[PDB]
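Below is my_file-v2.cif, holding mmCIF, C-alpha atoms.
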data_query
#
loop_
_atom_site.label_atom_id
_atom_site.label_comp_id
_atom_site.auth_asym_id
_atom_site.auth_seq_id
_atom_site.Cartn_x
_atom_site.Cartn_y
_atom_site.Cartn_z
CA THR Z 8 37.96 23.29 18.05
CA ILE Z 9 39.79 25.70 15.52
CA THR Z 10 38.14 26.05 12.13
CA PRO Z 11 38.53 28.43 9.21
CA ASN Z 12 34.97 29.79 9.52
CA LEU Z 13 35.57 33.34 8.28
CA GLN Z 14 36.59 33.90 4.73
CA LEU Z 15 37.38 37.61 4.53
CA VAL Z 16 37.95 39.64 1.35
CA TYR Z 17 39.06 43.25 0.95
CA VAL Z 18 36.75 45.36 -1.30
CA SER Z 19 36.99 48.92 -2.57
CA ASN Z 20 33.24 49.69 -2.76
CA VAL Z 21 31.22 47.96 0.01
CA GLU Z 22 27.84 48.86 -1.64
CA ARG Z 23 28.79 47.52 -5.07
CA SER Z 24 30.32 44.33 -3.60
CA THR Z 25 27.33 43.75 -1.27
CA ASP Z 26 25.09 44.05 -4.29
CA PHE Z 27 27.33 41.72 -6.32
CA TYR Z 28 27.44 39.00 -3.64
CA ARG Z 29 23.74 39.36 -2.95
CA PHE Z 30 23.24 38.48 -6.65
CA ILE Z 31 25.86 35.67 -6.78
CA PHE Z 32 24.68 34.01 -3.54
CA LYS Z 33 20.97 34.85 -3.95
CA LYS Z 34 21.04 35.76 -0.21
CA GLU Z 35 20.83 38.84 1.98
CA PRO Z 36 23.76 39.68 4.22
CA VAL Z 37 23.18 38.65 7.86
CA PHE Z 38 25.37 41.52 9.07
CA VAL Z 39 25.69 45.02 7.46
CA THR Z 40 27.71 48.01 8.64
CA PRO Z 41 29.20 50.75 6.41
CA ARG Z 42 32.65 49.14 6.13
CA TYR Z 43 31.99 45.45 6.88
CA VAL Z 44 29.28 43.15 5.53
CA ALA Z 45 29.04 39.34 6.24
CA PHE Z 46 27.01 36.77 4.19
CA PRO Z 47 26.11 33.33 5.51
CA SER Z 48 28.30 30.48 4.52
CA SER Z 49 28.17 26.88 5.58
CA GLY Z 50 27.16 26.28 9.22
CA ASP Z 51 28.23 29.01 11.66
CA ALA Z 52 30.72 30.29 9.01
CA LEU Z 53 30.79 33.64 7.27
CA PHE Z 54 31.93 35.16 4.05
CA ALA Z 55 32.81 38.77 4.80
CA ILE Z 56 33.66 41.80 2.65
CA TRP Z 57 35.64 44.56 4.27
CA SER Z 58 37.07 48.03 3.30
CA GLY Z 59 39.21 48.13 6.52
CA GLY Z 60 42.27 46.19 5.11
CA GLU Z 61 43.94 47.51 1.87
CA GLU Z 62 42.32 48.37 -1.50
CA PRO Z 63 42.64 45.51 -4.10
CA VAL Z 64 44.63 46.22 -7.26
CA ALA Z 65 43.56 44.61 -10.57
CA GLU Z 66 47.09 44.10 -11.85
CA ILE Z 67 48.30 42.33 -8.63
CA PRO Z 68 48.06 38.53 -8.98
CA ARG Z 69 45.90 36.59 -6.53
CA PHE Z 70 46.97 33.43 -4.80
CA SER Z 71 43.55 32.14 -3.64
CA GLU Z 72 40.03 31.47 -4.78
CA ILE Z 73 36.43 31.81 -3.49
CA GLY Z 74 35.17 28.34 -4.23
CA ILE Z 75 31.46 27.61 -4.73
CA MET Z 76 30.69 23.84 -4.74
CA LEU Z 77 27.27 22.93 -6.24
CA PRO Z 78 25.92 19.36 -6.26
CA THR Z 79 26.55 18.36 -9.93
CA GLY Z 80 28.38 19.38 -13.12
CA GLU Z 81 24.96 20.07 -14.66
CA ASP Z 82 24.20 22.69 -11.93
CA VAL Z 83 27.48 24.46 -12.93
CA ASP Z 84 26.72 25.01 -16.67
CA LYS Z 85 23.11 26.09 -16.13
CA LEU Z 86 24.59 28.45 -13.42
CA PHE Z 87 27.04 29.83 -16.03
CA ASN Z 88 24.26 30.14 -18.65
CA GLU Z 89 21.98 31.99 -16.16
CA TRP Z 90 24.87 34.31 -15.02
CA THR Z 91 26.13 35.34 -18.45
CA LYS Z 92 22.66 35.58 -20.03
CA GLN Z 93 21.43 38.24 -17.56
CA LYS Z 94 22.58 41.84 -18.39
CA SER Z 95 22.04 43.65 -15.01
CA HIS Z 96 25.31 42.66 -13.29
CA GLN Z 97 28.85 42.64 -14.73
CA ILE Z 98 30.08 39.00 -14.75
CA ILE Z 99 33.77 38.98 -15.88
CA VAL Z 100 34.65 35.53 -17.25
CA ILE Z 101 38.17 34.18 -16.57
CA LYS Z 102 37.52 30.64 -17.77
CA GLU Z 103 34.31 29.50 -19.43
CA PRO Z 104 33.16 26.05 -18.26
CA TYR Z 105 35.68 23.21 -18.72
CA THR Z 106 36.61 19.89 -17.00
CA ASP Z 107 39.20 19.77 -14.13
CA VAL Z 108 39.98 16.74 -11.80
CA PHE Z 109 36.74 17.50 -9.77
CA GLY Z 110 34.79 18.03 -12.99
CA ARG Z 111 32.67 20.73 -14.55
CA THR Z 112 34.26 24.09 -13.49
CA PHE Z 113 34.39 27.75 -14.33
CA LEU Z 114 36.03 30.91 -13.11
CA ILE Z 115 34.76 34.55 -12.75
CA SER Z 116 36.36 37.61 -11.21
CA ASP Z 117 34.43 39.74 -8.62
CA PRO Z 118 34.57 43.59 -8.92
CA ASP Z 119 37.94 43.79 -7.04
CA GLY Z 120 39.63 40.90 -8.86
CA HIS Z 121 38.89 38.15 -6.35
CA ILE Z 122 38.74 34.87 -8.24
CA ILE Z 123 35.56 32.86 -7.81
CA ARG Z 124 35.53 29.28 -8.90
CA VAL Z 125 32.27 27.37 -9.37
CA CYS Z 126 32.55 23.54 -9.32
CA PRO Z 127 30.73 20.24 -8.58
CA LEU Z 128 30.72 18.69 -5.04
CA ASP Z 129 34.12 16.86 -4.68
CA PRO S 7 20.68 24.72 -5.79
CA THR S 8 21.87 27.05 -3.01
CA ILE S 9 25.04 29.02 -3.79
CA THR S 10 27.40 29.07 -0.82
CA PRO S 11 31.12 29.92 -0.66
CA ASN S 12 31.96 26.51 0.87
CA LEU S 13 35.51 26.03 -0.53
CA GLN S 14 38.34 28.36 0.63
CA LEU S 15 41.17 27.40 -1.83
CA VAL S 16 44.76 28.54 -1.30
CA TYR S 17 47.72 28.16 -3.63
CA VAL S 18 50.75 26.73 -1.92
CA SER S 19 54.31 26.12 -3.09
CA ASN S 20 54.80 22.94 -1.13
CA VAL S 21 51.75 20.75 -0.39
CA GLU S 22 53.68 18.66 2.18
CA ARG S 23 54.82 21.59 4.36
CA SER S 24 51.41 23.25 4.01
CA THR S 25 49.60 20.04 5.00
CA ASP S 26 51.79 19.73 8.08
CA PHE S 27 51.17 23.49 8.80
CA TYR S 28 47.42 23.39 8.54
CA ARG S 29 47.23 20.07 10.37
CA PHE S 30 48.97 21.82 13.35
CA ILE S 31 46.99 25.04 13.18
CA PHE S 32 43.58 23.31 12.91
CA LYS S 33 44.32 20.34 15.31
CA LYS S 34 42.71 18.18 12.61
CA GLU S 35 43.66 15.66 10.00
CA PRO S 36 42.75 16.49 6.45
CA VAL S 37 39.78 14.64 4.89
CA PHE S 38 41.14 14.48 1.36
CA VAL S 39 44.81 14.15 0.38
CA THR S 40 46.55 13.86 -2.98
CA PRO S 41 50.10 14.90 -4.04
CA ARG S 42 48.81 18.32 -5.36
CA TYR S 43 45.53 18.93 -3.49
CA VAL S 44 44.70 18.62 0.21
CA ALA S 45 41.39 19.49 1.91
CA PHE S 46 40.59 20.05 5.58
CA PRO S 47 37.07 20.27 7.05
CA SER S 48 35.74 23.71 7.75
CA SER S 49 32.23 24.46 9.03
CA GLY S 50 29.27 22.38 7.97
CA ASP S 51 30.05 20.71 4.68
CA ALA S 52 32.58 23.41 3.74
CA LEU S 53 36.20 22.79 2.83
CA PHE S 54 39.62 24.49 3.26
CA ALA S 55 41.88 23.27 0.44
CA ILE S 56 45.57 23.84 -0.39
CA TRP S 57 46.63 23.34 -4.04
CA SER S 58 50.04 23.45 -5.79
CA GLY S 59 48.47 23.64 -9.30
CA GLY S 60 47.71 27.36 -9.13
CA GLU S 61 49.99 30.30 -9.68
CA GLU S 62 52.80 29.95 -7.03
CA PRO S 63 52.61 32.47 -4.12
CA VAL S 64 55.20 35.09 -3.49
CA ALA S 65 55.99 36.18 0.07
CA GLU S 66 56.37 39.93 -0.68
CA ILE S 67 53.41 40.41 -3.03
CA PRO S 68 50.53 42.01 -1.12
CA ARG S 69 47.41 39.98 -0.31
CA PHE S 70 43.78 41.11 -0.45
CA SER S 71 42.01 38.44 1.69
CA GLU S 72 42.47 36.55 4.88
CA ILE S 73 41.84 33.10 6.26
CA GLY S 74 39.74 33.91 9.37
CA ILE S 75 39.44 31.72 12.50
CA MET S 76 36.64 32.78 14.83
CA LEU S 77 36.93 31.42 18.36
CA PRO S 78 34.20 31.92 21.10
CA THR S 79 35.84 34.71 23.19
CA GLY S 80 38.67 37.27 23.30
CA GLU S 81 40.17 35.19 26.11
CA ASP S 82 40.55 32.17 23.74
CA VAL S 83 42.33 34.48 21.24
CA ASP S 84 45.05 35.57 23.69
CA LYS S 85 45.16 31.91 24.76
CA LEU S 86 45.72 30.58 21.23
CA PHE S 87 48.57 33.09 20.63
CA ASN S 88 50.68 32.26 23.66
CA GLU S 89 50.62 28.59 22.61
CA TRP S 90 51.59 29.13 19.02
CA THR S 91 54.56 31.46 19.56
CA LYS S 92 55.61 29.39 22.63
CA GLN S 93 56.03 26.06 20.80
CA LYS S 94 59.24 25.36 18.76
CA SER S 95 58.38 22.43 16.39
CA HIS S 96 56.43 24.65 13.92
CA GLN S 97 57.83 28.13 12.93
CA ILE S 98 55.09 30.76 13.34
CA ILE S 99 55.50 34.13 11.49
CA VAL S 100 53.68 36.81 13.47
CA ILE S 101 52.29 39.65 11.34
CA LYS S 102 50.55 41.41 14.26
CA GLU S 103 50.63 40.44 17.91
CA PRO S 104 47.28 40.47 19.77
CA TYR S 105 45.52 43.87 19.67
CA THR S 106 42.00 45.34 19.53
CA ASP S 107 40.52 45.84 16.02
CA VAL S 108 36.91 46.11 14.73
CA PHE S 109 36.35 42.35 15.31
CA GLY S 110 37.49 42.61 18.95
CA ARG S 111 40.63 40.96 20.33
CA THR S 112 42.52 39.81 17.19
CA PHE S 113 45.88 38.70 15.89
CA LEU S 114 47.45 37.95 12.48
CA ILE S 115 49.98 35.33 11.36
CA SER S 116 51.38 34.24 8.00
CA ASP S 117 51.37 30.74 6.57
CA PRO S 118 54.50 29.48 4.82
CA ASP S 119 53.40 31.04 1.54
CA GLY S 120 52.46 34.40 3.08
CA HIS S 121 48.70 33.76 3.26
CA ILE S 122 47.32 35.89 6.08
CA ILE S 123 45.52 34.09 8.88
CA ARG S 124 43.49 36.13 11.39
CA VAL S 125 42.32 34.81 14.74
CA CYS S 126 39.33 36.73 16.30
CA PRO S 127 36.26 36.22 18.57
CA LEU S 128 32.56 35.54 17.80
#
Exercise: express the given structure as structure tokens:
Amino acid sequence: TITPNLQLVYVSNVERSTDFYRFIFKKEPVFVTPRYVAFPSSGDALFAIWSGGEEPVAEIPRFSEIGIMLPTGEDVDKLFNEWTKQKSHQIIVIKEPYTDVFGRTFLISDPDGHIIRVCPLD
Amino acid sequence: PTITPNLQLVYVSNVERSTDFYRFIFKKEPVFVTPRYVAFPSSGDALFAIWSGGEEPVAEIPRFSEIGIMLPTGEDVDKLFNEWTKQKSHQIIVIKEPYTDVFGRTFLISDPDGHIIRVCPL
């Protein structure tokens, strides 16, 4: 068949990133080992964090995004409100909610500088 | 609303060449095409998108993520490699030839903007 069913990101601290994605996704990982953790994605697809590649560098620009498509533009803002209201987890804002071609969007950075974009279903 | 990472977005320099590249790699037409934004189906309702409106990628800047393709067995992985390097129409930049890593039988290639693509087995 041939599908991109594994989105894989390099992380420096597997514990801290596991805990961050657990909070972002509101889901447990389906696979945990000390250096490699996978969270469910859509269908038989996985989103994986791994310390076995190279350690991300904050000052190095990134050329991709972890996109999170929710049903509506309303789900996006009340997901930004809920994320930035809570104190317990560091949510670094890159762009507060605005309107792109697909609609209501925002951008946060994960602990290792991976860009996460939240947006409505295109 | 469930929060899934269902949009793997990559920045490309040339949407045309990238669309032709991904079309060949996936064996699949894209489902959404504009001049600056192209999406291919991934698993479930997830998408793999290429976008020229981001920061333009640079070949020699290191990358901290990978586009993973999980096939059923190690013997598909070796299979997929022979084909890709064998054919002449589409230039395929090998980063690592087939070897054993933590995923099993894997290999790595680069897309035309230096995005890293890994093929491995479920």
Close residues, residue S:78 itself excluded, 10 Å, only C-alpha atoms, min 6 positions apart in chain, as a count of residues only: 4
Residue hits in chain Z, query chain S, radius 6 Å, only C-alpha atoms, as a list in words: residues 9, 10, 11, 12, 13, 14, 15, 16, 17, 32, 48, 49, 50, 63, 70, 71, 72, 73, 74 and 75 of chain Z
Distance query residue S:87 at most 9 Å, all atoms listed in the file, self and fewer than 6 positions along chain excluded, as a list in words: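 The residues satisfying every condition are residues 103, 104, 113 and 125 of chain S.
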Hits from the PyMOL selection byres ((chain Z and resi 100) around 7), listed as a ChimeraX atom specification: /Z:98-99,101-103,114-116
Mind writing the picked residues with C-alpha atoms as an mmCIF file, keeping the file's coordinate frame?
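Printed below is selection-v5.cif as written:
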data_model
loop_
_atom_site.group_PDB
_atom_site.id
_atom_site.type_symbol
_atom_site.label_atom_id
_atom_site.label_comp_id
_atom_site.auth_asym_id
_atom_site.auth_seq_id
_atom_site.Cartn_x
_atom_site.Cartn_y
_atom_site.Cartn_z
ATOM 1 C CA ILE Z 98 30.080 39.000 -14.750
ATOM 2 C CA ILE Z 99 33.770 38.980 -15.880
ATOM 3 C CA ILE Z 101 38.170 34.180 -16.570
ATOM 4 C CA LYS Z 102 37.520 30.640 -17.770
ATOM 5 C CA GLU Z 103 34.310 29.500 -19.430
ATOM 6 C CA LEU Z 114 36.030 30.910 -13.110
ATOM 7 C CA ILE Z 115 34.760 34.550 -12.750
ATOM 8 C CA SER Z 116 36.360 37.610 -11.210
#
Separation of atom CA of residue Z:24 from atom CA of residue S:59, in Å and rounded to one decimal: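 Atom CA of residue S:59 lies at a distance of 28.1 Å from atom CA of residue Z:24.
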Picked residues, the PyMOL selection byres ((chain Z and resi 97) around 9), expected as a VMD selection string: chain Z and resid 27 91 94 to 96 98 to 99 117 to 118
Separation of atom CA of residue Z:84 from atom CA of residue Z:68 in Å: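 We find that atom CA of residue Z:68 and atom CA of residue Z:84 lie 26.4 Å from each other.
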Proximity to residue Z:22 - best of Z:111, Z:69, Z:42, Z:85, all atoms listed in the file: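 Selected residue with least distance to residue Z:22: Z:42.
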Atom-to-atom span, atom CA of residue S:93 and atom CA of residue S:106, Å: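 Atom-to-atom, atom CA of residue S:93 and atom CA of residue S:106 are spaced 23.9 Å apart.
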All residues 9 Å or closer to stretch 105-110 of chain Z, all atoms listed in the file, same chain fewer than 3 positions away omitted, as a count of residues only: 8
Residues matched by the PyMOL selection byres ((chain Z and resi 43) around 12) as a VMD selection string: (chain Z and resid 15 to 22 24 to 25 36 to 42 44 to 46 53 to 60) or (chain S and resid 108 to 109)
Selection as a VMD selection string: residues within 12 Å of (57.0, 25.7, 15.0), counting all atoms listed in the file: chain S and resid 23 26 to 28 30 to 31 89 to 100 117 to 118
